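Down below is the structure, laid out as structure tokens.
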Amino acid sequence: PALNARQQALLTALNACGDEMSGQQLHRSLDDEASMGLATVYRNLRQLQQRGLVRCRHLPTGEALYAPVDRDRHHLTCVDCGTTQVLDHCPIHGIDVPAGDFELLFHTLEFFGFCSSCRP
Amino acid sequence: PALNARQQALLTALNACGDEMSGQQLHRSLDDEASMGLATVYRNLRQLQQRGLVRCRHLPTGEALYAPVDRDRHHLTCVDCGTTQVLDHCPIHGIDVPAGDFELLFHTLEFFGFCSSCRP
Amino acid sequence: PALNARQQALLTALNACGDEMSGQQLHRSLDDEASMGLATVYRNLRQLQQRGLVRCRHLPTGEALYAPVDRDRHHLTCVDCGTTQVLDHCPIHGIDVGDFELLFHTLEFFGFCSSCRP
Amino acid sequence: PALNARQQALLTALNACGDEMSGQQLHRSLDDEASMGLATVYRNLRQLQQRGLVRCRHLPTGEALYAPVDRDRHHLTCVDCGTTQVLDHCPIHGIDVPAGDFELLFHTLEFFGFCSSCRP
Ligand SMILES: [Zn+2]
Ligand SMILES: [Zn+2]
Ligand SMILES: [Zn+2]
Ligand SMILES: [Zn+2]
Ligand SMILES: [Zn+2]
Ligand SMILES: [Zn+2]
Ligand SMILES: [Zn+2]
Ligand SMILES: [Zn+2]
Ligand SMILES: [Zn+2]
């Protein structure tokens, strides 16, 4: 098929941001011309996800962050204080999973531990 | 300090399930001898997480699932229909983190694509 | 006979744990002073099994789980995802079964969980 | 799904043998027409196991033995010398588990003790 105007506006906003965006950040980024209700943002994000055009991950707090499917950024996160840093590059280096008759689009990879302040 | 009786009962239940459980599923799994209130389950889970004895991740739905920290099971999930399969083996088994005094506990690795039924 | 220090340390650890333990979990759980190589853990477990003091079962993927012989817990296991529930009671309690001396039984159920059933 | 030619060849060989077979025994049983690599045998057995079309049980040594899912044979085994005898019939007589939202396929039932030679 082809993208409706709301799906196109969300993909444009996700591409324009250098980072991931929460549903609320994405909602606040829309100007009058592109404006839609918050529930409409989430519905249209879900459709973009089902078409494999948007990726999602959750912070430890449960907040969802969205990005274009091609943005493959991974983090180290302290399980105590939640402090987080981005990895320089993806350590899988584009290698394929071993290969079950499943068409692969992307991976989320997140590392968890204790920062200097929190380590026992 | 050593693990109290409630912390031990939760670790036992998470080990016995062979996979992961939400806080509500963990609560429903406890036998008469291990049973405690739901708020007690959440408080004790949070403590186990902070001690690095339990790992947590979020499903695409935003539900939080818990497992023993050493249970390292990854999935393929269809972004269209939400069908999921567990991988028999971790494809990044033994990975080190690249580069200042951060103690690694675990990684979350999840693959997303289209299943046989959904692939265009 | 009587148990050597290594056999006693493994039986103590299996009794102290509220559930079954893999050989690797048992190995990691030992006190520093009683610690031994993983192959030594397996050799000593095999001796405890031969004396009828420890029971063993295998997960579908081949991992061995050990417990005191007296712990008679049975499971429902999904053959797809490996999700498991313990049965609250033994469903063959009181079952009947020359010169074979019976010590214990393993009883394990396999199927599809709600998520995996097509 | 449906069975590929390798899955069909393994099911045929397991049905043709009067009892259970290790992956290596199954591999050695295949004729020129049905032959495949050992790793292919294990991969295809694992798939059949996950689909509930073959049953698996482990000898005390850890060796995996496979059979058609409907073949329900149980044993008496000496824990000392490993000598084993088959039970003349299943004493559960097809009775169902008590009955959560779980579809039951089969049971493994194994008895353990000391043979005449072994009790000290
Ligand atoms: Zn921290
Ligand atoms: Zn990556
Ligand atoms: Zn690199
Ligand atoms: Zn699908
Ligand atoms: Zn892993
Ligand atoms: Zn399952
Ligand atoms: Zn029993
Ligand atoms: Zn014997
Ligand atoms: Zn039977």
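Going by the structure tokens order, chains are called A, B, ..., each with residues numbered from 1, while ligands are numbered from 1 in the order shown.
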**Message:** For ligand 1, return the neighbouring residues as a list in words (distance at most 7 Å; only C-alpha atoms and all ligand atoms).
**Reply:**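 The residues within 7 Å of ligand 1, counting only C-alpha atoms and all ligand atoms, are residues 78, 79, 80, 81, 82, 83, 114, 115, 116, 117 and 118 of chain A.
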**Message:** Show me which residues are within 8 Å of ligand 2 counting only C-alpha atoms and all ligand atoms, and format the list as a count of residues only.
**Reply:** 13
**Request:** Name the residues of chain B that fall into strand (DSSP E) according to DSSP on the backbone, using the chain letters and numbers of this document, as a ChimeraX atom specification.
**Result:** /B:54-58,64-68,75-78,84-86,103-114
Once you have the residues from the selection above, write them out as an mmCIF file, in the first residue's frame, restricted to N, CA, C and O atoms.
```cif
data_model
loop_
_atom_site.group_PDB
_atom_site.id
_atom_site.type_symbol
_atom_site.label_atom_id
_atom_site.label_comp_id
_atom_site.auth_asym_id
_atom_site.auth_seq_id
_atom_site.Cartn_x
_atom_site.Cartn_y
_atom_site.Cartn_z
ATOM 1 N N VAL B 54 17.848 -10.498 39.598
ATOM 2 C CA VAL B 54 16.713 -10.660 38.663
ATOM 3 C C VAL B 54 16.921 -9.693 37.504
ATOM 4 O O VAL B 54 17.410 -8.585 37.726
ATOM 5 N N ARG B 55 16.583 -10.142 36.304
ATOM 6 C CA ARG B 55 16.602 -9.308 35.081
ATOM 7 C C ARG B 55 15.158 -9.009 34.719
ATOM 8 O O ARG B 55 14.287 -9.785 35.058
ATOM 9 N N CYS B 56 14.958 -7.896 34.046
ATOM 10 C CA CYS B 56 13.640 -7.389 33.626
ATOM 11 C C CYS B 56 13.736 -6.963 32.166
ATOM 12 O O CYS B 56 14.786 -6.467 31.768
ATOM 13 N N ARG B 57 12.715 -7.227 31.370
ATOM 14 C CA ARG B 57 12.573 -6.572 30.047
ATOM 15 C C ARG B 57 11.085 -6.276 29.834
ATOM 16 O O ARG B 57 10.260 -6.865 30.540
ATOM 17 N N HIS B 58 10.777 -5.466 28.832
ATOM 18 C CA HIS B 58 9.386 -5.126 28.457
ATOM 19 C C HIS B 58 9.034 -5.805 27.147
ATOM 20 O O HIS B 58 9.844 -5.765 26.236
ATOM 21 N N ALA B 64 6.130 -5.697 31.736
ATOM 22 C CA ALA B 64 7.460 -6.015 32.299
ATOM 23 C C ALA B 64 7.505 -7.509 32.661
ATOM 24 O O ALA B 64 6.552 -7.995 33.268
ATOM 25 N N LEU B 65 8.541 -8.221 32.215
ATOM 26 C CA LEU B 65 8.744 -9.654 32.502
ATOM 27 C C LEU B 65 10.069 -9.834 33.229
ATOM 28 O O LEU B 65 11.052 -9.209 32.815
ATOM 29 N N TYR B 66 10.087 -10.711 34.236
ATOM 30 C CA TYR B 66 11.242 -10.929 35.136
ATOM 31 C C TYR B 66 11.761 -12.347 34.963
ATOM 32 O O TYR B 66 10.986 -13.255 34.681
ATOM 33 N N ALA B 67 13.059 -12.527 35.166
ATOM 34 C CA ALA B 67 13.721 -13.841 35.136
ATOM 35 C C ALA B 67 14.936 -13.806 36.041
ATOM 36 O O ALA B 67 15.429 -12.733 36.389
ATOM 37 N N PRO B 68 15.474 -14.973 36.426
ATOM 38 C CA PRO B 68 16.766 -15.014 37.113
ATOM 39 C C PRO B 68 17.780 -14.327 36.183
ATOM 40 O O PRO B 68 17.673 -14.469 34.953
ATOM 41 N N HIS B 75 14.398 -13.849 21.590
ATOM 42 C CA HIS B 75 13.225 -14.182 20.751
ATOM 43 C C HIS B 75 13.327 -13.545 19.375
ATOM 44 O O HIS B 75 14.054 -12.527 19.233
ATOM 45 N N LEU B 76 12.617 -14.170 18.431
ATOM 46 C CA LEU B 76 12.183 -13.600 17.133
ATOM 47 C C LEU B 76 10.710 -13.270 17.287
ATOM 48 O O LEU B 76 9.962 -14.177 17.657
ATOM 49 N N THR B 77 10.312 -12.061 16.935
ATOM 50 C CA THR B 77 8.921 -11.587 17.076
ATOM 51 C C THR B 77 8.510 -10.967 15.748
ATOM 52 O O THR B 77 9.273 -10.123 15.223
ATOM 53 N N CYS B 78 7.355 -11.379 15.241
ATOM 54 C CA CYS B 78 6.720 -10.750 14.065
ATOM 55 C C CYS B 78 6.130 -9.391 14.473
ATOM 56 O O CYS B 78 5.334 -9.338 15.401
ATOM 57 N N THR B 84 5.758 -14.959 18.396
ATOM 58 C CA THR B 84 7.128 -14.953 18.961
ATOM 59 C C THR B 84 7.654 -16.384 19.055
ATOM 60 O O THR B 84 6.865 -17.268 19.343
ATOM 61 N N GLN B 85 8.933 -16.589 18.795
ATOM 62 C CA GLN B 85 9.609 -17.875 19.085
ATOM 63 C C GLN B 85 10.909 -17.595 19.828
ATOM 64 O O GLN B 85 11.591 -16.594 19.529
ATOM 65 N N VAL B 86 11.209 -18.449 20.788
ATOM 66 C CA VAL B 86 12.446 -18.399 21.600
ATOM 67 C C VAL B 86 13.564 -19.028 20.770
ATOM 68 O O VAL B 86 13.314 -20.022 20.119
ATOM 69 N N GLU B 103 30.168 -2.376 35.885
ATOM 70 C CA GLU B 103 30.036 -3.837 36.128
ATOM 71 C C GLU B 103 28.842 -4.376 35.328
ATOM 72 O O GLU B 103 27.691 -4.077 35.706
ATOM 73 N N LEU B 104 29.109 -5.195 34.309
ATOM 74 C CA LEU B 104 28.084 -5.790 33.410
ATOM 75 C C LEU B 104 27.331 -6.925 34.124
ATOM 76 O O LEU B 104 27.989 -7.767 34.713
ATOM 77 N N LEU B 105 25.998 -6.959 34.051
ATOM 78 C CA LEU B 105 25.160 -8.046 34.623
ATOM 79 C C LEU B 105 24.522 -8.887 33.514
ATOM 80 O O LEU B 105 24.517 -10.105 33.631
ATOM 81 N N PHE B 106 23.919 -8.263 32.511
ATOM 82 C CA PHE B 106 23.182 -9.000 31.468
ATOM 83 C C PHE B 106 22.927 -8.092 30.265
ATOM 84 O O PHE B 106 23.080 -6.865 30.335
ATOM 85 N N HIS B 107 22.488 -8.731 29.190
ATOM 86 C CA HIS B 107 22.029 -8.067 27.955
ATOM 87 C C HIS B 107 20.651 -8.604 27.597
ATOM 88 O O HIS B 107 20.325 -9.749 27.925
ATOM 89 N N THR B 108 19.873 -7.742 26.985
ATOM 90 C CA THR B 108 18.575 -8.044 26.360
ATOM 91 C C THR B 108 18.828 -7.971 24.867
ATOM 92 O O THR B 108 19.408 -6.945 24.434
ATOM 93 N N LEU B 109 18.459 -9.019 24.146
ATOM 94 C CA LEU B 109 18.628 -9.064 22.685
ATOM 95 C C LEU B 109 17.338 -9.609 22.113
ATOM 96 O O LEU B 109 16.940 -10.718 22.503
ATOM 97 N N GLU B 110 16.699 -8.859 21.239
ATOM 98 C CA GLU B 110 15.389 -9.255 20.681
ATOM 99 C C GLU B 110 15.430 -8.946 19.192
ATOM 100 O O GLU B 110 15.905 -7.851 18.828
ATOM 101 N N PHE B 111 14.974 -9.891 18.376
ATOM 102 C CA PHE B 111 14.908 -9.745 16.907
ATOM 103 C C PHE B 111 13.449 -9.549 16.495
ATOM 104 O O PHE B 111 12.537 -10.192 17.070
ATOM 105 N N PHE B 112 13.259 -8.715 15.479
ATOM 106 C CA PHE B 112 11.947 -8.295 14.951
ATOM 107 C C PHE B 112 11.982 -8.482 13.441
ATOM 108 O O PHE B 112 12.998 -8.216 12.805
ATOM 109 N N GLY B 113 10.887 -8.962 12.889
ATOM 110 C CA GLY B 113 10.722 -9.097 11.437
ATOM 111 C C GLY B 113 9.314 -9.510 11.087
ATOM 112 O O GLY B 113 8.392 -9.218 11.867
ATOM 113 N N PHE B 114 9.155 -10.146 9.937
ATOM 114 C CA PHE B 114 7.864 -10.701 9.476
ATOM 115 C C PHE B 114 7.961 -12.218 9.483
ATOM 116 O O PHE B 114 8.936 -12.749 8.931
#
```
**Message:** Residues of chain C within 8 Å of chain D, counting only C-alpha atoms, what are they? List them as a ChimeraX atom specification.
**Reply:** /C:49-52,56-58,60,62-64,79-80,91,99-114,117
**Prompt:** Quick one: DSSP helix (DSSP H, G or I) residues in range 20-97 of chain D, as a PyMOL selection string?
**Reply:** chain D and resi 23-29+38-50
Produce a file of the selected residues containing N, CA, C and O atoms, as a PDB file, in the first residue's frame.
```pdb
ATOM      1  N   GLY D  23      19.903 -39.716  18.349  1.00  0.00           N
ATOM      2  CA  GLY D  23      20.150 -39.029  17.068  1.00  0.00           C
ATOM      3  C   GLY D  23      21.211 -39.755  16.247  1.00  0.00           C
ATOM      4  O   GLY D  23      21.036 -39.888  15.036  1.00  0.00           O
ATOM      5  N   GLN D  24      22.246 -40.284  16.894  1.00  0.00           N
ATOM      6  CA  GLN D  24      23.330 -41.009  16.182  1.00  0.00           C
ATOM      7  C   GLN D  24      22.792 -42.326  15.638  1.00  0.00           C
ATOM      8  O   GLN D  24      23.133 -42.658  14.500  1.00  0.00           O
ATOM      9  N   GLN D  25      21.982 -43.065  16.407  1.00  0.00           N
ATOM     10  CA  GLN D  25      21.398 -44.339  15.908  1.00  0.00           C
ATOM     11  C   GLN D  25      20.513 -44.023  14.711  1.00  0.00           C
ATOM     12  O   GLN D  25      20.554 -44.753  13.727  1.00  0.00           O
ATOM     13  N   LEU D  26      19.701 -42.982  14.814  1.00  0.00           N
ATOM     14  CA  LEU D  26      18.772 -42.601  13.722  1.00  0.00           C
ATOM     15  C   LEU D  26      19.612 -42.288  12.478  1.00  0.00           C
ATOM     16  O   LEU D  26      19.333 -42.800  11.398  1.00  0.00           O
ATOM     17  N   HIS D  27      20.652 -41.490  12.651  1.00  0.00           N
ATOM     18  CA  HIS D  27      21.579 -41.132  11.550  1.00  0.00           C
ATOM     19  C   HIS D  27      22.142 -42.406  10.911  1.00  0.00           C
ATOM     20  O   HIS D  27      22.110 -42.506   9.689  1.00  0.00           O
ATOM     21  N   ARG D  28      22.634 -43.354  11.708  1.00  0.00           N
ATOM     22  CA  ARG D  28      23.222 -44.616  11.179  1.00  0.00           C
ATOM     23  C   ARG D  28      22.157 -45.485  10.500  1.00  0.00           C
ATOM     24  O   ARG D  28      22.546 -46.242   9.620  1.00  0.00           O
ATOM     25  N   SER D  29      20.878 -45.351  10.843  1.00  0.00           N
ATOM     26  CA  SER D  29      19.794 -46.188  10.268  1.00  0.00           C
ATOM     27  C   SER D  29      19.418 -45.710   8.858  1.00  0.00           C
ATOM     28  O   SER D  29      18.813 -46.501   8.135  1.00  0.00           O
ATOM     29  N   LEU D  38      24.755 -35.414  10.074  1.00  0.00           N
ATOM     30  CA  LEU D  38      24.382 -35.603  11.491  1.00  0.00           C
ATOM     31  C   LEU D  38      23.767 -34.319  12.044  1.00  0.00           C
ATOM     32  O   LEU D  38      22.743 -34.428  12.735  1.00  0.00           O
ATOM     33  N   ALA D  39      24.360 -33.154  11.789  1.00  0.00           N
ATOM     34  CA  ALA D  39      23.861 -31.844  12.290  1.00  0.00           C
ATOM     35  C   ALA D  39      22.449 -31.610  11.736  1.00  0.00           C
ATOM     36  O   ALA D  39      21.614 -31.116  12.496  1.00  0.00           O
ATOM     37  N   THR D  40      22.184 -32.001  10.481  1.00  0.00           N
ATOM     38  CA  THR D  40      20.837 -31.920   9.854  1.00  0.00           C
ATOM     39  C   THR D  40      19.870 -32.833  10.605  1.00  0.00           C
ATOM     40  O   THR D  40      18.711 -32.408  10.811  1.00  0.00           O
ATOM     41  N   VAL D  41      20.298 -34.023  11.001  1.00  0.00           N
ATOM     42  CA  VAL D  41      19.434 -34.938  11.790  1.00  0.00           C
ATOM     43  C   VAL D  41      19.011 -34.216  13.083  1.00  0.00           C
ATOM     44  O   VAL D  41      17.802 -34.155  13.361  1.00  0.00           O
ATOM     45  N   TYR D  42      19.966 -33.698  13.852  1.00  0.00           N
ATOM     46  CA  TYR D  42      19.682 -33.057  15.161  1.00  0.00           C
ATOM     47  C   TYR D  42      18.772 -31.852  14.956  1.00  0.00           C
ATOM     48  O   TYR D  42      17.815 -31.731  15.728  1.00  0.00           O
ATOM     49  N   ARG D  43      19.029 -31.016  13.945  1.00  0.00           N
ATOM     50  CA  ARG D  43      18.253 -29.776  13.713  1.00  0.00           C
ATOM     51  C   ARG D  43      16.814 -30.194  13.424  1.00  0.00           C
ATOM     52  O   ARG D  43      15.891 -29.581  13.996  1.00  0.00           O
ATOM     53  N   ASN D  44      16.631 -31.208  12.580  1.00  0.00           N
ATOM     54  CA  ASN D  44      15.281 -31.642  12.160  1.00  0.00           C
ATOM     55  C   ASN D  44      14.582 -32.336  13.329  1.00  0.00           C
ATOM     56  O   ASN D  44      13.369 -32.104  13.485  1.00  0.00           O
ATOM     57  N   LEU D  45      15.311 -33.084  14.153  1.00  0.00           N
ATOM     58  CA  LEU D  45      14.720 -33.716  15.355  1.00  0.00           C
ATOM     59  C   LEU D  45      14.202 -32.625  16.286  1.00  0.00           C
ATOM     60  O   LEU D  45      13.095 -32.774  16.770  1.00  0.00           O
ATOM     61  N   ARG D  46      15.003 -31.586  16.521  1.00  0.00           N
ATOM     62  CA  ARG D  46      14.670 -30.462  17.418  1.00  0.00           C
ATOM     63  C   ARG D  46      13.386 -29.805  16.922  1.00  0.00           C
ATOM     64  O   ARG D  46      12.502 -29.561  17.756  1.00  0.00           O
ATOM     65  N   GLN D  47      13.262 -29.584  15.618  1.00  0.00           N
ATOM     66  CA  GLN D  47      12.036 -28.978  15.033  1.00  0.00           C
ATOM     67  C   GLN D  47      10.841 -29.895  15.293  1.00  0.00           C
ATOM     68  O   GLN D  47       9.790 -29.375  15.704  1.00  0.00           O
ATOM     69  N   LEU D  48      10.987 -31.198  15.072  1.00  0.00           N
ATOM     70  CA  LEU D  48       9.884 -32.177  15.273  1.00  0.00           C
ATOM     71  C   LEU D  48       9.498 -32.186  16.749  1.00  0.00           C
ATOM     72  O   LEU D  48       8.321 -32.337  17.031  1.00  0.00           O
ATOM     73  N   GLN D  49      10.472 -32.069  17.650  1.00  0.00           N
ATOM     74  CA  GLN D  49      10.228 -32.058  19.115  1.00  0.00           C
ATOM     75  C   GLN D  49       9.403 -30.815  19.461  1.00  0.00           C
ATOM     76  O   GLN D  49       8.434 -30.937  20.218  1.00  0.00           O
ATOM     77  N   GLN D  50       9.776 -29.672  18.900  1.00  0.00           N
ATOM     78  CA  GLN D  50       9.126 -28.370  19.201  1.00  0.00           C
ATOM     79  C   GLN D  50       7.706 -28.374  18.651  1.00  0.00           C
ATOM     80  O   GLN D  50       6.850 -27.697  19.274  1.00  0.00           O
TER      81      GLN D  50
END
```
**Request:** Please provide as a list in words all residues within 10 Å of residue 24 in chain C, with the sequence filter that same-chain residues fewer than 2 positions apart are discarded (counting only C-alpha atoms).
**Result:** residues 21, 22, 26, 27, 28, 29, 38, 39, 41, 42, 63, 64 and 65 of chain C
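Fitted onto chain B by least squares over the complete set of C-alpha atoms, chain D shows an RMSD of 1.0 Å.
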**Asked** Looking at only C-alpha atoms, which of D:1, D:7, D:99, D:35 is the one that sits closest to chain A?
**Response**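 Of the candidates, the smallest distance to chain A is held by D:1.
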Contact residues around residue 69 in chain C with only C-alpha atoms at 8 Å, ignoring same-chain residues under 2 positions, as a compact mmCIF listing (two decimals) with N, CA and C atoms, in the first residue's frame:
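Dumped to around_29.txt:
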```
# COMPACT_ATOMS: atom_id res chain seq x y z
N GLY C 52 21.59 -43.89 45.86
CA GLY C 52 20.15 -43.62 45.97
C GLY C 52 19.85 -42.41 46.86
N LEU C 53 20.76 -41.45 47.00
CA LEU C 53 20.55 -40.26 47.87
C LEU C 53 20.12 -39.06 47.03
N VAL C 54 20.36 -39.08 45.73
CA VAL C 54 20.04 -37.91 44.85
C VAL C 54 19.24 -38.41 43.66
N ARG C 55 18.26 -37.64 43.23
CA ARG C 55 17.48 -37.90 42.00
C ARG C 55 17.88 -36.88 40.95
N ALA C 67 18.23 -33.19 42.82
CA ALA C 67 17.52 -32.89 44.09
C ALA C 67 17.72 -34.06 45.03
N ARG C 71 12.54 -35.52 47.34
CA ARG C 71 11.76 -34.41 46.75
C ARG C 71 11.06 -34.94 45.49
N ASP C 72 9.75 -35.21 45.53
CA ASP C 72 9.00 -35.85 44.41
C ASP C 72 8.11 -34.78 43.76
N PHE C 104 12.28 -44.47 43.80
CA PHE C 104 11.55 -43.25 43.39
C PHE C 104 11.14 -43.34 41.92
```
**Selected residue of minimal separation from chain D among B:19, B:69, B:88, B:96, counting only C-alpha atoms** =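 Ranking B:19, B:69, B:88, B:96 by distance to chain D, first place goes to B:88.
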**Request:** Find the residues near residue 10 in chain C: any atom within 10 Å, counting only C-alpha atoms, skip ones fewer than 4 places away on the same chain, and give them as an MDAnalysis selection string.
**Result:** chainID C and resid 5:6 14:16 23 26:27 29:30 34:35 41 44:45 48 54
**Asked** How far is it from CA of residue 37 in chain B to CA of residue 21 in chain B, in Å with one decimal?
**Response** 16.4 Å
**Prompt:** Of the candidates C:92, C:78, C:4, C:59, which one gets nearest to ligand 9 if we count only C-alpha atoms and all ligand atoms?
**Reply:** C:92
